[PDB]
Amino acid sequence: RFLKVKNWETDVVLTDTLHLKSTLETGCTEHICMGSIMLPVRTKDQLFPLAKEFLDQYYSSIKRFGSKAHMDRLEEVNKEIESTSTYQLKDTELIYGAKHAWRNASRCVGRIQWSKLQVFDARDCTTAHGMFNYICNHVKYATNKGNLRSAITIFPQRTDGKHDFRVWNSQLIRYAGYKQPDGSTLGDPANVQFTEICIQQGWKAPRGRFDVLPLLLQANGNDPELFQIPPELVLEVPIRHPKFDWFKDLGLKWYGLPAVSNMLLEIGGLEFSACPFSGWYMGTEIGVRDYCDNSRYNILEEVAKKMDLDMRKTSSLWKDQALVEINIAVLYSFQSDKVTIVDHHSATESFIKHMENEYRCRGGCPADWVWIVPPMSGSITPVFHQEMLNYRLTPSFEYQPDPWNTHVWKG
Amino acid sequence: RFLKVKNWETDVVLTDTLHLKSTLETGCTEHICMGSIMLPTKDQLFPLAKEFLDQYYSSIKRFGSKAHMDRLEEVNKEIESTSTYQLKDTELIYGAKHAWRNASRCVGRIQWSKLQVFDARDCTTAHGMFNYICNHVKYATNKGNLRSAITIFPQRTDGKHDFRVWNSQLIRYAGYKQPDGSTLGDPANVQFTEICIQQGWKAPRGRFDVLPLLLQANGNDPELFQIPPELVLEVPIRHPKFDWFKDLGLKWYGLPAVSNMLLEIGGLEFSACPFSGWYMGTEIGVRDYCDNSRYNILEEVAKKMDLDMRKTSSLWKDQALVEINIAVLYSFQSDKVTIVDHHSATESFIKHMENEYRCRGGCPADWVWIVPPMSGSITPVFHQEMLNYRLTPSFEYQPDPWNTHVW
Ligand code: HEM
Ligand code: HEM
Ligand SMILES: Nc1cccc(C[C@@H]2CNC[C@@H]2OCCNCCc2cccc(F)c2)n1
Ligand SMILES: Nc1cccc(C[C@@H]2CNC[C@@H]2OCCNCCc2cccc(F)c2)n1
Ligand SMILES: C[C@H](O)[C@H](O)[C@H]1CNc2nc(N)[nH]c(=O)c2N1
Ligand SMILES: C[C@H](O)[C@H](O)[C@H]1CNc2nc(N)[nH]c(=O)c2N1
Ligand SMILES: [Zn+2]
């Protein structure tokens with residue numbers, strides 16, 4: 001079967017055949033669409049078929065499908081599964097797998113970059129201290145003094161689900177949040193609960209608006225342990241505005257390295273529950289979401305106050321006005337300090353070209369419109385007008401529940 | 001079976017059961033989501049009629065009453081004999097209000113029960129259609145104090161005798177291709193603007209020429225009529241701070257009135273059913289003015305603002321977009337023509353959702369259309385999970401008639 005997507009701005013029509021390779025379920029049915037729902041121990045039995053699909057994909061990509069080397073590898077993996085109930089990926093397979101999870105990530109606007117990914121193999125890691133060292137190195141390599149490079153660090157896979165490696169932080173670098181007795185929050189409201197766990201674990205909190213959280217790291221299913229990232233490894237940008245000189249006195253800064261640490265990487269049936277990865281920011285993630293969400297730093301009022309905007313009626317678009325200025329400041333600040341950042345115009349335009357290329361060479365590009373369209377100025381970006389098909393390919397990145405909800409405390 | 005929706009800003013969780021009454025198909029499967037795709041007999045008619053009359057009699061609290069049973073028999077007898085049936089006035093009013101209530105792409109449904117219904121089922125000619133339409137336009141406009149309305153022409157029969165309004169909206173501006181290579185006026189309507197000239201319209205060939213109506217009665221060839229200019233309320237666009245803005249020569253019409261959809265009530269198909277409410281500001285200022293394939297005015301506005309258009313990262317498009325939208329709202333407000341901003345509209349829709357969850361057990365909603373085309377995440381709808389499903393009565397898209405009609 002063949003499915004068409006249309007771009008309503010250009011009349012370009014594309015044909016999807018790749019969706020035929022899709023296995024996992026979407027959440028949707030013929031009766032209900034769940035496209036805006038945020039979240040819609042394997043046996044030998046189910047594992048070998050998952051391994052086989054994967055290795056067939058891998059061997060096709062290197063143009064060796066059906067080769068003696070392909071067949072020997074199937075036999076070898078088969079025999080490893082029947083003997084040990086699991087198997088180990090070769091380095092080449094791990095790299096290919098991790099690149100493809102990113103390529104298959106339908107919510108990611110940054111995928112033009114998928115084939116340039118530094119893979120760090122951390123499968124020999126055994127302790128929390130080991131994990132801290134690997135992560136420090138990842139941070140330093142990725143930051144590259146402002147000239148950001150994409151990377152992922154892959155810790156040992158799940159075995160019986162009782163010995164999982166996990167990073168408890170949702171991102172490697174994030175700011176503390178402190179709920180006050182009067183109901184107000186200091187710092188990032190998104191991180192209150194995690195900040196609380198850190199404090200209970202023995203973190204001494206500075207209690208300011210921008211305290212970089214400590215890493216909380218779990219190796220081999222053990223209770224997690226705290227570590228401070230060396231501050232000299234944590235690149236930060238003070239936010240100022242090209243024309244507004246009072247902007248600096250708001251006291252805003254942000255970190256340069258966005259690095260997701262709470263997802264699960266699946267490759268050929270194997271589950272890597274600790275696989276932190278990082279790229280670089282699109283400006284709107286900080287300027288729109290982190291600064292302007294009501295449940296985040298929520299700076300719209302204060303910025304609009306200082307701007308002397310008419311704040312008495314929403315119909316003045318004071319919020320919209322202040323939002324643009326904040327986002328201008330973020331892009332200007334990163335650019336001035338030579339820290340890699342991309343604006344939402346350039347990022348969406350590059351995504352469109354990537355997507356078209358993927359249709360020509362791969363037969364499709366799964367994409368989640370709800371996420372791909374930026375959270376400001378939607379329809380003046382070309383993605384707004386782009387019909388997209390969303391479906392699940394493996395290898396993949398998956399959401400996993402926060403570990404403090406599941407962990408068996410050992411004491 | 002019982003599904004939950006979460007708002008990620010407020011933590012409010014709502015439970016949906018209304019979807020279990022869902023009937024039509026979405027386009028999506030377990031393998032593929034099509035959420036962002038724009039277009040994804042006697043035996044057949046009676047279940048549809050029964051389903052409808054059951055919900056109608058349930059709504060007036062007479063489910064399983066004698067009047068209920070009597071009406072089901074009457075409609076069944078009429079189908080068996082005539083191969084169709086006619087709605088009581090009460091059933092028409094209810095059906096049309098509920099089609100709006102079930103419209104998952106409509107942010108404005110808080111208003112659903114205040115809908116003036118104009119029964120035009122006795123219409124027989126294009127001239128008749130024109131008279132009903134002018135009356136609709138004048139009633140709804142109300143000198144700027146807009147009132148929601150729909151006018152409903154006769155239902156489909158053998159399908160060779162359809163009533164259709166060929167315009168996509170009652171009021172829209174002409175579009176003309178030029179030797180120059182570019183486009184004058186609204187590029188969205190070029191094709192239609194040509195069909196009108198092909199039918200004998202003398203086009204003024206300006207930037208903002210109100211199009212003629214092109215009305216099809218009883219499956220006949222369609223005819224042209226100019227809406228009396230004094231009935232088309234228009235708004236000149238100025239900025240509260242930028243003096244120069246007015247010199248761009250921009251204006252828009254006050255009445256949005258969708259005329260190309262198909263209203264389905266209890267299995268019956270009303271193919272000409274123009275309806276109207278009032279504008280959310282972004283439709284005009286973001287989409288009509290700034291879409292690249294529309295009036296596409298960002299380039300010119302940014303130039304007057306003397307912004308740095310050298311690089312995309314100066315956010316010059318974004319700055320201009322905001323001012324253009326401030327102007328649209330200000331102009332409408334100054335001339336006392338109803339308009340709603342996207343903040344107030346989306347806030348209203350959240351309240352409507354909560355009302356519908358407690359009262360009805362849910363609210364079908366299409367997040368891709370509900371979230372405004374600017375400033376998405378600073379409106380509350382961005383953070384609201386929504387479930388999308390199809391209920392009847394409903395409004396459905398139908399293809400442009402010129403593709404289908406034979407002359
Ligand atoms: C290289 C520059 C990149 C840019 C500009 C970029 C852009 C983005 C953005 C804006 C989002 C949505 C962010 C949000 O709203 O939370 C996203 C999501 C995502 N991206 Fe990227 N990305 C980049 C690199 C990467 C890399 C290196 C990976 C993994 C190897 C990745 C995988 C993902 C995944 C799995 C999601 C979904 C996250 C979730 O479900 O929470 N991206 N991308
Ligand atoms: C009272 C003021 C109203 C407001 C502010 C409003 C708002 C909107 C908006 C912003 C859209 C998206 C339109 C677009 O972007 O093209 C929409 C779509 C729609 N609305 Fe409303 N609405 C109003 C009244 C009505 C009425 C009176 C009806 C029917 C009786 C209606 C039924 C619909 C339908 C069927 C759609 C989807 C149209 C399509 O698929 O093209 N709305 N509404
Ligand atoms: N899948 C889910 C489910 C629930 C929650 C979440 C994280 C939310 C999504 N939105 C806010 C927060 O996620 C914030 C982190 N997102 C950064 C993604 C990114 C950008 C650039 C480079 C790179 F490597 C990675 N995900
Ligand atoms: N369902 C479809 C499919 C294809 C095309 C379309 C019309 C397009 C969609 N997007 C722009 C244009 O629709 C025209 C604008 N629609 C106005 C909706 C509205 C607002 C306020 C009051 C009221 F009565 C009606 N619909
Ligand atoms: C409910 C809704 O799905 C949710 O707010 C989504 C919408 N789109 C998003 N898009 C991105 N990129 N990131 C997000 O966190 C969200 N949140
Ligand atoms: C491809 C995508 O579905 C298309 O651009 C949609 C997106 N959301 C929309 N939302 C509204 N309200 N109106 C539209 O015309 C569109 N267009
Ligand atoms: Zn879907």
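Here is how names work: the chains are called A, B, and so on, in the same order as the sequence lines, proteins then strands, and each is numbered from 1. No hydrogens, no waters, no symmetry mates; every other heavy atom, side chains included, goes into these values.
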Go through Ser313(B) and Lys311(B) one step at a time and tell me if the side-chain hydrogen bond (donor to acceptor under 3.5 Å, both in side chains) criterion holds. CA-CA 5 Å; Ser313(B) 60; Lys311(B) 5 153 284 147; 2.7 Å; yes
Salt bridge (charged side-chain N to carboxylate O under 4.0 Å, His left out) between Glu356(B) and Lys351(B), intermediate numbers included: CA-CA 9 Å; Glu356(B) 294 285 74; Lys351(B) 200 188 175 210; over 6 Å; no
Could you check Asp320(A) against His343(B) for side-chain hydrogen bond (donor to acceptor under 3.5 Å, both in side chains), going step by step and ending with a plain yes or no? CA-CA 10 Å; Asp320(A) 310 72; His343(B) 304 288; 2.7 Å; yes
Chi angles and distances behind the side-chain hydrogen bond (donor to acceptor under 3.5 Å, both in side chains) call for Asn167(B), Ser259(B): CA-CA 6 Å; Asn167(B) 314 58; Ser259(B) 60; 5.7 Å; no
Where do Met129(B) and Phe153(B) land on the side-chain contact (heavy atoms from CB on, under 4.5 Å) test, with the steps shown first? CA-CA 8 Å; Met129(B) 292 175 77; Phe153(B) 296 104; 4.0 Å; yes
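Listed by first and then second residue, the ring-ring contact (aromatic ring centres under 6.0 Å, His included) pairs that reach into residues 282-327 of chain B are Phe208(B)-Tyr295(B), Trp252(B)-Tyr289(B), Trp252(B)-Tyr295(B), sequence neighbours excluded.
Listed here is the closest heavy atom pair of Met282(A) and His344(A): SD-CA, 3.8 Å. For the residue pair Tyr253(B) and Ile171(B), the shortest heavy atom distance occurs at CZ-O, 3.1 Å. Taking all atoms of both residues into account, the shortest heavy-atom contact from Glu387(A) to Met355(A) is O-CE, 3.6 Å. Residue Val107(B) comes nearest to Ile370(B) through the heavy atom pair N-CD1, 3.7 Å, listed as atom of the first residue, atom of the second, then distance. The heavy-atom pair separating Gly287(A) from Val330(A) by the smallest distance is CA-CG2, 4.0 Å. Here the shortest heavy-atom pairing between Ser293(B) and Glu9(A) reads CB-O, 4.2 Å.
Checked by atom type and distance alone, the side chain of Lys336(B) never pairs as donor or acceptor with a backbone atom of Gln333(B) at under 3.5 Å. Judged purely by atom type and a 3.5 angstrom limit, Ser314(B) uses its side chain to pair as donor or acceptor with the backbone of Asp308(B). Under the 3.5 Å distance criterion, the side-chain polar atoms of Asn102(B) are matched with a main-chain donor or acceptor of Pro393(B). Remark: the backbone N or O of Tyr173(B) is paired with a side-chain donor or acceptor of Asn189(B) at under 3.5 angstrom. Between the side chain of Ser344(B) and the main chain of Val340(B), no donor-acceptor pair closer than 3.5 Å is present. Checked by atom type and distance alone, the side chain of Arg109(B) pairs as donor or acceptor with a backbone atom of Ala103(B) at under 3.5 Å. Put simply, the side chain of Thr26(B) gets close to the backbone of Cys28(B): a donor and an acceptor are under 3.5 Å apart. When atom types are taken as modelled, the side chain of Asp209(B) and the backbone of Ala203(B) share no donor-acceptor pair closer than 3.5 angstrom. Although no hydrogens or angles enter the test, the distance criterion places no donor-acceptor pair under 3.5 Å between the side chain of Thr141(B) and the main chain of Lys138(B).
Going from atom CH2 of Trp278(B) over to atom CG of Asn145(B) covers 9.0 Å, rounded to the nearest 0.5 Å. For the atom pair SG (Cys363(B)) and CD (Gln384(B)), the distance works out to 9.5 Å, reported to the nearest 0.5 Å. Note that NE2 of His385(A) is 10.0 Å distant from OG1 of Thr348(A), once rounded to the nearest 0.5 Å. Taken to the nearest 0.5 Å, the CG atom of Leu263(B) stands 5.0 Å off from the SG atom of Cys273(B). Within the model, atoms CG of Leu315(B) and CD1 of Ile380(A) stand 8.5 Å from one another, a figure rounded to the nearest 0.5 Å. Atoms CD1 and CD, on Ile195(B) and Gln191(B) in that order, are 5.5 Å from each other to the nearest 0.5 Å.
Using a 4.5 Å cut-off on side-chain heavy atoms (C-beta onward), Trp100(B) and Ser148(B) make contact. Inter-residue side-chain proximity for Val165(B) and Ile133(B) is flagged as met; some heavy-atom pair is nearer than 4.5 Å. Side-chain contact between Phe245(B) and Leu250(B) is present, with heavy atoms from C-beta onward closer than 4.5 Å. Side-chain contact check for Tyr389(B) versus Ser104(B): every heavy-atom pair is 4.5 Å or farther apart. Annotation: side chain of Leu255(B) is not in contact with side chain of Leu233(B) (no heavy-atom distance under 4.5 Å). With contacts defined as side-chain heavy-atom distances shorter than 4.5 Å, the pair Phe275(B)/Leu115(B) does not qualify. Residues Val210(B) and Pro229(B) are not in side-chain contact: their nearest non-hydrogen atoms beyond the backbone lie 4.5 Å or more apart.
Ring-plane geometry between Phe242(B) and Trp244(B) is classed as parallel, the angle between the planes falling under 30 degrees on a 0 to 90 degree scale with a further cut at 60. Between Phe225(B) and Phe130(B), the ring-plane angle classifies as parallel under the 30° and 60° cut-offs. Taking the six-membered ring for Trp and thresholds of 30 and 60 degrees, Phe192(B) and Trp402(B) have ring planes inclined between 30 and 60 degrees apart.
Using a cutoff of 4.0 Å between basic side-chain nitrogens and carboxylate oxygens, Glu299(B) and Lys317(B) are not scored as salt-bridged. With respect to the salt-bridge test (charged N to carboxylate O, under 4.0 angstrom), the residues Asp335(B) and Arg238(B) qualify. Ion pair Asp162(B)/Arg164(B) not flagged as a salt bridge, since none of the NZ, NE, NH1 or NH2 atoms sits closer than 4.0 Å to an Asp/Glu carboxylate oxygen.
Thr10(A) and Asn7(A) share a side-chain donor-acceptor pair at under 3.5 Å. Residues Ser276(B) and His136(B) have side chains that bring a donor and an acceptor to within less than 3.5 angstrom of each other. Counting only N and O atoms by type, the side chains of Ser168(B) and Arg172(B) include a donor and acceptor under 3.5 Å apart.
Stacking of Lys114(B) on the aromatic ring of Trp112(B) is not recorded, the 6.0 Å distance cut-off and the 45° axial limit not both being met. Under a cutoff of 6.0 Å and an axis angle of 45°, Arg147(B) and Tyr139(B) form a cation-pi pair.
Atom NZ of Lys6(A) sits in a crowded spot, with more than 12 heavy atoms from other residues, nucleotides or ligands closer than 6.0 Å. Counting heavy atoms of neighbouring residues, nucleotides and ligands inside a 6.0 Å radius, atom CG of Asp308(A) does not exceed 12 of them. Summarising the local packing, CD of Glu347(B) is surrounded by 12 or fewer heavy atoms from other residues, nucleotides or ligands at distances under 6.0 Å.
Of the residues listed (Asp288(B), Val337(B), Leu329(B)), the one engaging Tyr279(B) in a side chain to side chain contact (heavy atoms under 4.5 Å, CB included) is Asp288(B), and it is the only one. Screening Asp368(A), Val383(A), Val370(A), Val5(A) against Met388(A) for a side chain to side chain contact (heavy atoms under 4.5 Å, CB included) leaves a single residue, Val383(A).
Taking the side chain to side chain donor-acceptor pair (under 3.5 Å) definition, one finds that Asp180(B) meets it with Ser182(B), sequence neighbours left out.
For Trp367(B) and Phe382(B), the distance between ring centers is under 6.0 angstrom.
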